[PDB]
$ cat final-v2.txt   # compact mmCIF, C-alpha atoms and all ligand atoms
# COMPACT_ATOMS: atom_id res chain seq x y z
CA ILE A 1 -25.61 -25.24 -0.69
CA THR A 2 -29.27 -25.23 0.25
CA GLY A 3 -30.21 -23.65 3.61
CA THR A 4 -31.41 -20.50 5.33
CA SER A 5 -29.75 -17.08 5.04
CA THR A 6 -28.25 -15.82 8.31
CA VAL A 7 -25.87 -13.15 9.53
CA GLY A 8 -22.62 -14.06 11.22
CA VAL A 9 -20.05 -11.81 12.88
CA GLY A 10 -16.26 -11.88 12.83
CA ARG A 11 -12.99 -9.99 12.57
CA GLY A 12 -10.96 -9.35 9.43
CA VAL A 13 -7.23 -9.37 8.75
CA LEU A 14 -6.70 -5.89 10.25
CA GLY A 15 -8.70 -6.72 13.40
CA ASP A 16 -11.92 -4.94 12.46
CA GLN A 17 -15.31 -6.42 13.40
CA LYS A 18 -17.86 -6.89 10.68
CA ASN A 19 -21.06 -8.74 9.95
CA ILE A 20 -21.07 -11.28 7.09
CA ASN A 21 -23.87 -12.98 5.21
CA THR A 22 -23.85 -16.73 5.76
CA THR A 23 -26.09 -19.74 5.12
CA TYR A 24 -27.18 -22.28 7.74
CA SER A 25 -27.53 -25.99 7.13
CA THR A 26 -26.06 -27.89 10.09
CA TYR A 27 -22.99 -25.68 9.85
CA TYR A 28 -22.84 -22.01 8.98
CA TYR A 29 -21.26 -21.51 5.57
CA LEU A 30 -19.67 -18.48 3.94
CA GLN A 31 -22.44 -18.30 1.37
CA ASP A 32 -24.08 -14.89 0.86
CA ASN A 33 -27.50 -15.24 -0.80
CA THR A 34 -28.29 -11.58 -0.72
CA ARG A 35 -26.20 -10.76 -3.79
CA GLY A 36 -26.87 -12.17 -7.25
CA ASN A 37 -26.54 -15.93 -7.51
CA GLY A 38 -24.37 -15.95 -4.44
CA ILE A 39 -21.00 -15.07 -2.98
CA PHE A 40 -19.12 -18.19 -1.84
CA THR A 41 -15.86 -18.40 0.11
CA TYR A 42 -13.70 -21.50 0.29
CA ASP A 43 -10.79 -22.83 2.38
CA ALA A 44 -7.83 -23.94 0.23
CA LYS A 45 -6.13 -25.22 3.45
CA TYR A 46 -2.62 -24.11 2.51
CA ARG A 47 -2.72 -26.13 -0.75
CA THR A 48 -3.24 -25.24 -4.40
CA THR A 49 -6.09 -27.56 -5.30
CA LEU A 50 -9.06 -25.22 -6.11
CA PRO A 51 -11.49 -24.26 -4.96
CA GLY A 52 -11.04 -26.26 -1.75
CA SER A 53 -14.07 -26.64 0.53
CA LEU A 54 -16.95 -24.27 1.09
CA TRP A 55 -16.10 -22.48 4.32
CA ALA A 56 -17.98 -24.10 7.22
CA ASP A 57 -18.17 -22.86 10.80
CA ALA A 58 -20.01 -24.39 13.79
CA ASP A 59 -21.38 -21.26 15.40
CA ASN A 60 -21.48 -18.33 12.94
CA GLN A 61 -18.71 -16.46 14.81
CA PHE A 62 -15.52 -15.90 12.86
CA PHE A 63 -12.99 -14.49 15.29
CA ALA A 64 -10.15 -17.00 14.99
CA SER A 65 -6.94 -15.91 13.28
CA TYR A 66 -7.52 -18.61 10.66
CA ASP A 67 -10.94 -17.08 9.93
CA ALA A 68 -9.79 -13.52 9.24
CA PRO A 69 -8.78 -13.87 5.56
CA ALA A 70 -12.08 -15.60 4.81
CA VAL A 71 -14.08 -12.87 6.55
CA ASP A 72 -12.44 -10.20 4.42
CA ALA A 73 -12.54 -12.09 1.11
CA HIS A 74 -16.26 -12.67 1.64
CA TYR A 75 -17.08 -9.15 2.87
CA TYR A 76 -15.03 -7.25 0.29
CA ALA A 77 -16.51 -9.37 -2.51
CA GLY A 78 -19.85 -8.04 -1.30
CA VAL A 79 -18.62 -4.47 -1.28
CA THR A 80 -17.27 -4.85 -4.82
CA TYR A 81 -20.57 -6.41 -5.91
CA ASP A 82 -22.42 -3.46 -4.42
CA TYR A 83 -20.15 -0.94 -6.15
CA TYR A 84 -20.79 -2.36 -9.60
CA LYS A 85 -24.51 -2.78 -9.03
CA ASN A 86 -25.26 0.55 -7.32
CA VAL A 87 -22.84 2.71 -9.33
CA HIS A 88 -22.80 1.13 -12.81
CA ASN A 89 -26.00 -0.96 -12.82
CA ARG A 90 -23.90 -4.08 -13.42
CA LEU A 91 -25.05 -7.35 -11.87
CA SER A 92 -21.86 -9.28 -11.16
CA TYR A 93 -19.03 -9.74 -13.61
CA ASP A 94 -20.97 -11.24 -16.51
CA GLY A 95 -23.85 -8.78 -16.05
CA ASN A 96 -26.21 -11.66 -15.19
CA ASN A 97 -25.42 -12.27 -11.52
CA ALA A 98 -22.77 -14.94 -11.93
CA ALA A 99 -21.76 -16.50 -8.63
CA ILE A 100 -18.67 -14.97 -7.07
CA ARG A 101 -16.31 -17.60 -5.62
CA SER A 102 -13.11 -17.00 -3.59
CA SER A 103 -10.54 -19.29 -2.00
CA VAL A 104 -8.33 -18.24 0.90
CA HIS A 105 -5.31 -19.87 2.57
CA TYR A 106 -3.93 -20.63 -0.88
CA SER A 107 -0.55 -22.38 -0.65
CA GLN A 108 2.07 -21.40 1.93
CA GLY A 109 3.55 -17.92 2.30
CA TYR A 110 2.06 -16.95 -1.05
CA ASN A 111 2.54 -13.20 -1.66
CA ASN A 112 -0.17 -12.70 -4.26
CA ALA A 113 -3.88 -12.79 -5.10
CA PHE A 114 -5.35 -13.51 -8.55
CA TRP A 115 -8.39 -14.23 -10.65
CA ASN A 116 -7.90 -17.65 -12.24
CA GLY A 117 -10.54 -17.33 -14.98
CA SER A 118 -13.30 -18.63 -12.73
CA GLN A 119 -12.69 -17.52 -9.17
CA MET A 120 -10.61 -15.42 -6.74
CA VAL A 121 -7.56 -16.86 -5.04
CA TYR A 122 -5.77 -15.29 -2.06
CA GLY A 123 -2.44 -16.11 -0.48
CA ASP A 124 -1.72 -15.46 3.18
CA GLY A 125 1.55 -13.65 2.41
CA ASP A 126 4.81 -14.51 4.16
CA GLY A 127 4.20 -12.04 6.96
CA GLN A 128 7.00 -9.75 5.81
CA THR A 129 6.24 -8.63 2.29
CA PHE A 130 2.52 -9.22 2.65
CA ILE A 131 -0.10 -10.23 5.24
CA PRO A 132 -3.22 -12.10 3.95
CA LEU A 133 -4.09 -10.33 0.76
CA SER A 134 -7.87 -10.24 1.18
CA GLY A 135 -7.27 -7.64 3.90
CA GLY A 136 -6.83 -5.09 1.11
CA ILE A 137 -10.10 -3.85 -0.33
CA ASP A 138 -8.21 -2.39 -3.30
CA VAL A 139 -6.57 -5.79 -3.89
CA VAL A 140 -9.89 -7.62 -3.76
CA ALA A 141 -11.62 -5.22 -6.14
CA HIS A 142 -8.59 -4.97 -8.42
CA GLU A 143 -8.60 -8.69 -8.93
CA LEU A 144 -12.40 -9.03 -9.16
CA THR A 145 -12.32 -6.26 -11.79
CA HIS A 146 -10.31 -8.60 -14.07
CA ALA A 147 -13.39 -10.83 -14.22
CA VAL A 148 -15.46 -8.06 -15.75
CA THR A 149 -12.66 -6.85 -18.00
CA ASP A 150 -12.26 -10.39 -19.33
CA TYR A 151 -16.01 -10.59 -19.92
CA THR A 152 -16.30 -7.19 -21.67
CA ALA A 153 -13.26 -5.59 -23.57
CA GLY A 154 -11.30 -8.82 -23.16
CA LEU A 155 -7.98 -7.00 -23.13
CA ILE A 156 -5.22 -9.49 -23.79
CA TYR A 157 -2.69 -9.78 -20.98
CA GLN A 158 0.43 -8.62 -22.76
CA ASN A 159 2.08 -5.37 -23.92
CA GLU A 160 -0.13 -2.24 -24.08
CA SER A 161 -3.49 -4.03 -23.96
CA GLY A 162 -2.24 -5.84 -20.86
CA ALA A 163 -1.09 -2.66 -19.21
CA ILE A 164 -4.57 -1.17 -19.83
CA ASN A 165 -6.14 -4.29 -18.31
CA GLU A 166 -3.98 -3.81 -15.19
CA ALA A 167 -4.67 -0.07 -14.97
CA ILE A 168 -8.40 -0.71 -15.25
CA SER A 169 -8.14 -3.00 -12.26
CA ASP A 170 -6.14 -0.42 -10.26
CA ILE A 171 -8.64 2.27 -11.22
CA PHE A 172 -11.75 0.38 -10.10
CA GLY A 173 -9.91 -1.17 -7.15
CA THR A 174 -9.28 2.38 -5.99
CA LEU A 175 -12.83 3.59 -6.69
CA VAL A 176 -14.20 0.67 -4.69
CA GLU A 177 -11.85 1.64 -1.84
CA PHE A 178 -13.25 5.18 -1.97
CA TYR A 179 -16.79 3.74 -2.18
CA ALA A 180 -16.27 1.85 1.07
CA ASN A 181 -14.67 5.04 2.43
CA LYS A 182 -12.23 3.55 4.95
CA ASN A 183 -8.87 5.32 4.66
CA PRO A 184 -9.17 5.70 0.88
CA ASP A 185 -6.21 6.74 -1.29
CA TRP A 186 -4.71 6.42 -4.77
CA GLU A 187 -2.14 3.86 -3.66
CA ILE A 188 -2.40 0.09 -4.17
CA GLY A 189 -2.15 -2.52 -1.45
CA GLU A 190 -1.08 -0.30 1.47
CA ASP A 191 -3.27 -2.21 4.00
CA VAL A 192 -1.57 -5.55 3.43
CA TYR A 193 1.95 -4.66 2.22
CA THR A 194 5.07 -4.77 4.40
CA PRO A 195 3.57 -4.85 7.90
CA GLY A 196 6.81 -3.47 9.34
CA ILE A 197 6.99 -0.44 7.08
CA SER A 198 4.40 2.28 7.29
CA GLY A 199 3.23 4.55 4.50
CA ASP A 200 4.27 2.34 1.59
CA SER A 201 2.37 0.38 -1.07
CA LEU A 202 3.17 -1.83 -4.06
CA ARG A 203 2.13 0.74 -6.64
CA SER A 204 1.07 4.38 -6.65
CA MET A 205 -1.49 5.88 -9.09
CA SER A 206 -0.79 9.41 -7.97
CA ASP A 207 2.95 9.02 -8.46
CA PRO A 208 3.79 5.76 -10.23
CA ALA A 209 7.47 6.70 -10.22
CA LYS A 210 7.57 6.43 -6.42
CA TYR A 211 8.01 2.72 -6.95
CA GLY A 212 9.82 2.81 -10.33
CA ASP A 213 6.90 2.62 -12.73
CA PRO A 214 6.66 4.98 -15.71
CA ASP A 215 4.45 8.07 -15.58
CA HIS A 216 5.00 9.04 -19.23
CA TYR A 217 4.86 7.04 -22.49
CA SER A 218 8.45 7.98 -23.28
CA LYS A 219 9.44 6.11 -20.11
CA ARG A 220 7.64 2.90 -21.06
CA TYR A 221 9.25 -0.48 -20.67
CA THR A 222 9.82 -2.14 -24.06
CA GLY A 223 11.16 -5.55 -22.93
CA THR A 224 9.67 -9.02 -22.65
CA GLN A 225 9.53 -9.58 -18.88
CA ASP A 226 6.21 -9.19 -17.04
CA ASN A 227 4.42 -10.06 -20.31
CA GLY A 228 5.84 -6.89 -21.84
CA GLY A 229 5.49 -4.83 -18.67
CA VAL A 230 1.80 -5.13 -17.88
CA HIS A 231 2.34 -4.26 -14.23
CA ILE A 232 4.90 -1.60 -15.07
CA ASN A 233 3.45 0.36 -17.97
CA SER A 234 0.09 0.39 -16.19
CA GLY A 235 1.57 3.42 -14.39
CA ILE A 236 1.15 5.53 -17.52
CA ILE A 237 -2.57 4.88 -17.59
CA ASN A 238 -2.93 5.04 -13.78
CA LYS A 239 -1.39 8.52 -13.87
CA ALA A 240 -3.72 9.60 -16.65
CA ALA A 241 -6.71 8.34 -14.64
CA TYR A 242 -5.47 10.07 -11.48
CA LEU A 243 -5.09 13.38 -13.37
CA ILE A 244 -8.55 13.12 -14.92
CA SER A 245 -10.01 12.80 -11.40
CA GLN A 246 -7.71 14.95 -9.33
CA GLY A 247 -6.13 17.33 -11.81
CA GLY A 248 -2.57 18.58 -11.80
CA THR A 249 0.33 19.70 -13.97
CA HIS A 250 2.55 16.88 -15.18
CA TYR A 251 5.62 17.43 -17.31
CA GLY A 252 4.28 20.94 -17.86
CA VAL A 253 0.82 19.86 -19.04
CA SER A 254 -2.12 21.08 -16.94
CA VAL A 255 -5.23 18.98 -16.34
CA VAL A 256 -8.47 20.19 -14.81
CA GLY A 257 -9.82 17.51 -12.51
CA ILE A 258 -13.40 16.33 -12.85
CA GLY A 259 -13.55 14.01 -9.83
CA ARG A 260 -13.76 10.28 -9.08
CA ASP A 261 -17.36 9.60 -10.02
CA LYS A 262 -16.95 11.00 -13.56
CA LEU A 263 -13.64 9.16 -13.92
CA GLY A 264 -15.53 5.97 -13.02
CA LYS A 265 -18.40 6.62 -15.42
CA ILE A 266 -16.00 7.40 -18.28
CA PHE A 267 -13.77 4.37 -17.79
CA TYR A 268 -16.69 2.02 -17.13
CA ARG A 269 -18.26 3.08 -20.45
CA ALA A 270 -14.95 2.81 -22.26
CA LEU A 271 -14.39 -0.65 -20.86
CA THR A 272 -17.82 -2.00 -21.77
CA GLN A 273 -18.56 -0.26 -25.09
CA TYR A 274 -15.36 0.76 -26.89
CA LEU A 275 -12.31 -1.28 -25.85
CA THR A 276 -11.40 -4.52 -27.60
CA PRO A 277 -8.93 -7.34 -26.91
CA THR A 278 -5.99 -5.67 -28.66
CA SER A 279 -6.59 -2.03 -27.79
CA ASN A 280 -3.46 0.02 -27.32
CA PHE A 281 -2.90 3.20 -25.39
CA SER A 282 -3.85 5.50 -28.26
CA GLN A 283 -7.03 3.52 -28.70
CA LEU A 284 -7.76 3.80 -24.99
CA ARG A 285 -7.49 7.56 -25.31
CA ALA A 286 -9.99 7.54 -28.18
CA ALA A 287 -12.37 5.34 -26.24
CA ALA A 288 -12.19 7.57 -23.17
CA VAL A 289 -12.78 10.63 -25.29
CA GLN A 290 -15.77 9.05 -26.98
CA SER A 291 -17.14 7.87 -23.68
CA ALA A 292 -16.87 11.33 -22.14
CA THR A 293 -18.45 12.76 -25.32
CA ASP A 294 -21.40 10.34 -25.02
CA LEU A 295 -21.89 11.18 -21.31
CA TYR A 296 -21.23 14.94 -21.10
CA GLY A 297 -21.02 16.27 -24.66
CA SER A 298 -18.38 16.95 -27.29
CA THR A 299 -17.90 20.43 -25.83
CA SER A 300 -17.68 19.50 -22.16
CA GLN A 301 -14.90 20.17 -19.76
CA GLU A 302 -14.93 16.40 -19.16
CA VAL A 303 -13.78 15.75 -22.70
CA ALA A 304 -11.13 18.46 -22.52
CA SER A 305 -9.83 16.99 -19.27
CA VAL A 306 -9.57 13.53 -20.68
CA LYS A 307 -7.57 14.93 -23.62
CA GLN A 308 -5.32 16.93 -21.29
CA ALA A 309 -4.61 13.89 -19.12
CA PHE A 310 -3.56 11.71 -22.02
CA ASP A 311 -1.50 14.59 -23.41
CA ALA A 312 0.20 14.87 -20.02
CA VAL A 313 1.40 11.25 -20.08
CA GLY A 314 2.42 11.32 -23.74
CA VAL A 315 -0.39 9.31 -25.27
CA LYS A 316 -1.62 10.62 -28.62
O1 LIG B 401 -15.81 -7.68 -12.02
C1 LIG B 401 -16.90 -7.66 -11.16
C2 LIG B 401 -18.05 -6.99 -11.59
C3 LIG B 401 -19.20 -6.96 -10.79
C4 LIG B 401 -19.17 -7.60 -9.56
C5 LIG B 401 -17.99 -8.19 -9.11
BR1 LIG B 401 -18.02 -8.90 -7.40
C6 LIG B 401 -16.85 -8.25 -9.90
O1 LIG B 402 -3.68 -7.18 -7.61
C1 LIG B 402 -2.83 -7.37 -6.51
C2 LIG B 402 -2.50 -8.65 -6.10
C3 LIG B 402 -1.62 -8.81 -5.03
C4 LIG B 402 -1.10 -7.70 -4.37
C5 LIG B 402 -1.46 -6.43 -4.79
BR1 LIG B 402 -0.79 -4.93 -3.92
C6 LIG B 402 -2.32 -6.25 -5.86
CA CA B 403 -16.68 -20.08 14.73
CA CA B 404 -6.30 2.97 1.91
CA CA B 405 -5.35 1.88 -1.69
CA CA B 406 3.68 -1.34 4.77
ZN ZN B 407 -4.17 -7.26 -12.02

$ encode --input "final-v2.txt" --output "C-alpha cells" --more "lines below"
Ligand SMILES: Oc1cccc(Br)c1
Ligand SMILES: Oc1cccc(Br)c1
Ligand SMILES: [Ca+2]
Ligand SMILES: [Ca+2]
Ligand SMILES: [Ca+2]
Ligand SMILES: [Ca+2]
Ligand SMILES: [Zn+2]
Amino acid sequence: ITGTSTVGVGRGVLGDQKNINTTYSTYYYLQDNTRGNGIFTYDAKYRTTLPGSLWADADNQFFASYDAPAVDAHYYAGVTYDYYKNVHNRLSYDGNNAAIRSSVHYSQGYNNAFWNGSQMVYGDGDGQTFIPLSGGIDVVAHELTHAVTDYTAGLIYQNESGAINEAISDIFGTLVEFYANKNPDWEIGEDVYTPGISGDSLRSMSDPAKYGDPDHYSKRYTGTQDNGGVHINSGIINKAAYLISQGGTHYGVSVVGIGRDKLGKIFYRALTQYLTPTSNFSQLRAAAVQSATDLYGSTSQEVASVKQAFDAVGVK
C-alpha cells in the first residue's frame, strides 16, 4: 500500500526482540520499503487461501504470540535480501528487485514452509515436530533461494536436477545463517525442529547420514518417492559443499577447505551462469570447476578443492 515508512518493534518465534520495517497508513503494515520493490508479509489466518491479507497492526508493536511468525518471516526475508545484494550484487530473486511476499499462519498444524512459484508460505507447525517455521533463518533463506534458482538455472524438481536444486537451497540457507551470525551451523532447521529435543535438525550438511541421507553417490536413492529423492540425494551435494568450505577426509579422500565465502562465490556463479534445467550431478561438478576456474584460475587451490570434494562423494 501507499503510506510512510516507519520502524516497528516486536518479538520473533524464539522470543528475541527485533526492529522491523513497516508502513503507516491508518494501520501499521508489514511492508518494508527499504528493500527493492518491497517486502510484504501477510496473514493467512489458519487457512490456505493465498496470500491472505497484508499484515496490519494498530500500534507498530508486535509482541503478541500471534505476531511472532510474521515478525520473523518479515525480518528474515530482509536478511536474505541483504545477503544476496551485499554478497552477490543480486537485487531480489529476479535480479530486478521483485517484491518479496510471505504468508504466515498457513493452515493448521502445518509442518512445512514452501515457495509456491510467487511467494513464501509458512506453517505454524504442530508444536511437536515443528514450531512456526519462519523462526528458522536457514528455513527462510532455503525456501527464498528456490525463487532465484527457478529464475536462473531453473533446475527441474525431480531426480538429480531436483536434488541439486534442494542442495543449492540448503547451501545458501546455511550461508545466510552464517551471514546473520546467530548460532550458525551446517545443520538445517535446528531452531524450529522438535522443541522437546535438543541438538537435532531435519538434515545435516556436515554429516547427511546422521539423519539417513546419502553422503556418497553409491548410496543414492534410485526410487520414485520424493520426486526421485530430491530431499534425500541432496545430501551428496550438501556434503560436497561442506567439504569444499570446511575440508576433511571422506571415504579416504582428502579435501582442502577454502572457506564459506569462496564456496558461496563458486556456487552462486555456477547457479547463475552454468547450470541448466536438466543438469545432473556430473554437470554440477563441471559447472563448479568452471566457476572456480573463472574466479581463481585453472591452477588454483580452489579448483583442486572443488575436484577433491566431488571425488570424495563419488561424483565424476
Ligand atoms: O532468491 C532470492 C534472491 C534474492 C533475494 C531474495 Br529475498 C531471495
Ligand atoms: O526448507 C524447509 C522447509 C521446512 C522445514 C525445513 Br527444516 C526446511
Ligand atoms: Ca500491536
Ligand atoms: Ca543455527
Ligand atoms: Ca542451521
Ligand atoms: Ca529440536
Ligand atoms: Zn527446498

$ atom_distance --input "final-v2.txt" --atom1 "CA of residue 204 in chain A" --atom2 "CA of residue 307 in chain A"
21.8 Å

$ closest_residue --input "final-v2.txt" --among "A:162, A:223, A:208, A:109" --to "ligand ZN 407 (chain B)" --atoms "all atoms listed in the file"
A:162

$ closest_atom_pairs --input "final-v2.txt" --of "chain A" --to "ligand CA 405 (chain B)" --cutoff "7 Å" --atoms "only C-alpha atoms and all ligand atoms" --output "tab-separated table"
residue	atom	partner	partner_atom	distance
A:138	CA	B:CA405	CA	5.4
A:174	CA	B:CA405	CA	5.8
A:177	CA	B:CA405	CA	6.5
A:184	CA	B:CA405	CA	6.0
A:185	CA	B:CA405	CA	5.0
A:186	CA	B:CA405	CA	5.5
A:187	CA	B:CA405	CA	4.3
A:188	CA	B:CA405	CA	4.2
A:189	CA	B:CA405	CA	5.4
A:190	CA	B:CA405	CA	5.7

$ atom_distance --input "final-v2.txt" --atom1 "CA of residue 145 in chain A" --atom2 "CA of residue 230 in chain A"
15.4 Å

$ atom_distance --input "final-v2.txt" --atom1 "CA of residue 151 in chain A" --atom2 "CA of residue 92 in chain A"
10.6 Å

$ residues_around --input "final-v2.txt" --residues "range 235-244 of chain A" --least-positions-apart "6" --cutoff "10 Å" --atoms "only C-alpha atoms" --output "PyMOL selection string"
chain A and resi 160+163-171+186+203-209+211-220+250+254-260+262-264+266-267+281+284-285+302-315

$ axis_aligned_box --input "final-v2.txt" --around "ligand LIG 401 (chain B)" --padding-each-side "4 Å" --output "JSON"
{"center_x": -17.5, "center_y": -7.9, "center_z": -9.7, "size_x": 11.4, "size_y": 9.9, "size_z": 12.6}

$ closest_residue --input "final-v2.txt" --among "A:20, A:91, A:232, A:68" --to "ligand ZN 407 (chain B)" --atoms "all atoms listed in the file"
A:232

$ residues_near_ligand --input "final-v2.txt" --ligand "ligand LIG 401 (chain B)" --cutoff "8 Å" --atoms "all atoms listed in the file" --output "ChimeraX atom specification"
/A:77-85,90-95,100,141,143-149

$ residues_near_point --input "final-v2.txt" --point "(-22.9, 4.6, -12.1)" --cutoff "8 Å" --atoms "only C-alpha atoms" --output "list in words"
residues 84, 86, 87, 88, 89, 261, 264 and 265 of chain A

$ closest_atom_pairs --input "final-v2.txt" --of "chain A" --to "ligand CA 406 (chain B)" --cutoff "6 Å" --atoms "all atoms listed in the file" --output "Markdown table"
| residue | atom | partner | partner_atom | distance |
| --- | --- | --- | --- | --- |
| A:190 | CA | B:CA406 | CA | 5.9 |
| A:193 | CA | B:CA406 | CA | 4.5 |
| A:194 | CA | B:CA406 | CA | 3.7 |
| A:195 | CA | B:CA406 | CA | 4.7 |
| A:196 | CA | B:CA406 | CA | 5.9 |
| A:197 | CA | B:CA406 | CA | 4.1 |
| A:198 | CA | B:CA406 | CA | 4.5 |
| A:199 | CA | B:CA406 | CA | 5.9 |
| A:200 | CA | B:CA406 | CA | 4.9 |

$ residues_around --input "final-v2.txt" --residues "residue 56 in chain A" --least-positions-apart "4" --cutoff "10 Å" --atoms "only C-alpha atoms" --output "ChimeraX atom specification"
/A:22-31,41-43,60

$ closest_residue --input "final-v2.txt" --among "A:114, A:268, A:40, A:62" --to "ligand ZN 407 (chain B)" --atoms "all atoms listed in the file"
A:114

$ closest_residue --input "final-v2.txt" --among "A:57, A:32, A:104, A:136" --to "residue 192 in chain A" --atoms "all atoms listed in the file"
A:136

$ closest_residue --input "final-v2.txt" --among "A:316, A:210, A:142, A:11" --to "ligand ZN 407 (chain B)" --atoms "all atoms listed in the file"
A:142

$ residues_near_point --input "final-v2.txt" --point "(-10.3, -13.6, 0.4)" --cutoff "9 Å" --atoms "only C-alpha atoms" --output "ChimeraX atom specification"
/A:41-42,68-77,102-105,113,120-123,132-135,140

$ write_last_selection --input "final-v2.txt" --atoms "C-alpha atoms" --output "short mmCIF file (atom, residue, chain, number, x, y, z; two decimals), in the frame of the given file"
data_model
loop_
_atom_site.label_atom_id
_atom_site.label_comp_id
_atom_site.auth_asym_id
_atom_site.auth_seq_id
_atom_site.Cartn_x
_atom_site.Cartn_y
_atom_site.Cartn_z
CA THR A 41 -15.86 -18.40 0.11
CA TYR A 42 -13.70 -21.50 0.29
CA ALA A 68 -9.79 -13.52 9.24
CA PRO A 69 -8.78 -13.87 5.56
CA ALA A 70 -12.08 -15.60 4.81
CA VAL A 71 -14.08 -12.87 6.55
CA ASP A 72 -12.44 -10.20 4.42
CA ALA A 73 -12.54 -12.09 1.11
CA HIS A 74 -16.26 -12.67 1.64
CA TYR A 75 -17.08 -9.15 2.87
CA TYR A 76 -15.03 -7.25 0.29
CA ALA A 77 -16.51 -9.37 -2.51
CA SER A 102 -13.11 -17.00 -3.59
CA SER A 103 -10.54 -19.29 -2.00
CA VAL A 104 -8.33 -18.24 0.90
CA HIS A 105 -5.31 -19.87 2.57
CA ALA A 113 -3.88 -12.79 -5.10
CA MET A 120 -10.61 -15.42 -6.74
CA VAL A 121 -7.56 -16.86 -5.04
CA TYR A 122 -5.77 -15.29 -2.06
CA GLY A 123 -2.44 -16.11 -0.48
CA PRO A 132 -3.22 -12.10 3.95
CA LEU A 133 -4.09 -10.33 0.76
CA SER A 134 -7.87 -10.24 1.18
CA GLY A 135 -7.27 -7.64 3.90
CA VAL A 140 -9.89 -7.62 -3.76
#

$ closest_residue --input "final-v2.txt" --among "A:137, A:64, A:271, A:253" --to "residue 154 in chain A" --atoms "only C-alpha atoms"
A:271

$ residues_around --input "final-v2.txt" --residues "residue 270 in chain A" --least-positions-apart "3" --cutoff "8 Å" --atoms "all atoms listed in the file" --output "ChimeraX atom specification"
/A:266-267,273-275,284,287-288,290-291

$ build_atoms --input "final-v2.txt" --residues "range 172-185 of chain A" --atoms "N, CA, C and O atoms" --output "mmCIF file, in the frame of the given file"
data_model
loop_
_atom_site.group_PDB
_atom_site.id
_atom_site.type_symbol
_atom_site.label_atom_id
_atom_site.label_comp_id
_atom_site.auth_asym_id
_atom_site.auth_seq_id
_atom_site.Cartn_x
_atom_site.Cartn_y
_atom_site.Cartn_z
ATOM 1 N N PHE A 172 -10.546 0.746 -10.867
ATOM 2 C CA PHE A 172 -11.750 0.380 -10.100
ATOM 3 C C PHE A 172 -11.455 -0.176 -8.732
ATOM 4 O O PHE A 172 -12.253 -0.063 -7.800
ATOM 5 N N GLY A 173 -10.294 -0.795 -8.501
ATOM 6 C CA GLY A 173 -9.910 -1.170 -7.150
ATOM 7 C C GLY A 173 -9.857 0.046 -6.246
ATOM 8 O O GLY A 173 -10.336 0.016 -5.124
ATOM 9 N N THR A 174 -9.295 1.138 -6.763
ATOM 10 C CA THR A 174 -9.280 2.380 -5.990
ATOM 11 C C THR A 174 -10.652 2.997 -5.806
ATOM 12 O O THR A 174 -11.041 3.478 -4.738
ATOM 13 N N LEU A 175 -11.485 3.028 -6.847
ATOM 14 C CA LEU A 175 -12.830 3.590 -6.690
ATOM 15 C C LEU A 175 -13.695 2.765 -5.767
ATOM 16 O O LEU A 175 -14.577 3.354 -5.109
ATOM 17 N N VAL A 176 -13.464 1.439 -5.687
ATOM 18 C CA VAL A 176 -14.200 0.670 -4.690
ATOM 19 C C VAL A 176 -13.696 1.032 -3.295
ATOM 20 O O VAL A 176 -14.464 1.133 -2.330
ATOM 21 N N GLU A 177 -12.378 1.230 -3.142
ATOM 22 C CA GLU A 177 -11.850 1.640 -1.840
ATOM 23 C C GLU A 177 -12.429 2.977 -1.387
ATOM 24 O O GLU A 177 -12.761 3.155 -0.216
ATOM 25 N N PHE A 178 -12.566 3.918 -2.311
ATOM 26 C CA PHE A 178 -13.250 5.180 -1.970
ATOM 27 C C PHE A 178 -14.728 4.982 -1.681
ATOM 28 O O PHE A 178 -15.292 5.616 -0.798
ATOM 29 N N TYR A 179 -15.402 4.109 -2.432
ATOM 30 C CA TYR A 179 -16.790 3.740 -2.180
ATOM 31 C C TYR A 179 -17.028 3.236 -0.765
ATOM 32 O O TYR A 179 -18.024 3.548 -0.117
ATOM 33 N N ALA A 180 -16.120 2.424 -0.253
ATOM 34 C CA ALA A 180 -16.270 1.850 1.070
ATOM 35 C C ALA A 180 -15.906 2.915 2.123
ATOM 36 O O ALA A 180 -16.323 2.830 3.274
ATOM 37 N N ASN A 181 -15.121 3.876 1.677
ATOM 38 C CA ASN A 181 -14.670 5.040 2.430
ATOM 39 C C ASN A 181 -14.039 4.773 3.789
ATOM 40 O O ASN A 181 -14.331 5.458 4.769
ATOM 41 N N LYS A 182 -13.135 3.824 3.864
ATOM 42 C CA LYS A 182 -12.230 3.550 4.950
ATOM 43 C C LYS A 182 -10.795 3.810 4.452
ATOM 44 O O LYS A 182 -10.234 3.056 3.657
ATOM 45 N N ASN A 183 -10.231 4.896 4.956
ATOM 46 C CA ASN A 183 -8.870 5.320 4.660
ATOM 47 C C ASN A 183 -8.576 5.249 3.173
ATOM 48 O O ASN A 183 -7.584 4.618 2.793
ATOM 49 N N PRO A 184 -9.389 5.866 2.328
ATOM 50 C CA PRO A 184 -9.170 5.700 0.880
ATOM 51 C C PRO A 184 -8.020 6.560 0.363
ATOM 52 O O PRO A 184 -7.777 7.651 0.889
ATOM 53 N N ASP A 185 -7.344 6.080 -0.671
ATOM 54 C CA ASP A 185 -6.210 6.740 -1.290
ATOM 55 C C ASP A 185 -6.034 6.271 -2.719
ATOM 56 O O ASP A 185 -6.819 5.418 -3.155
#
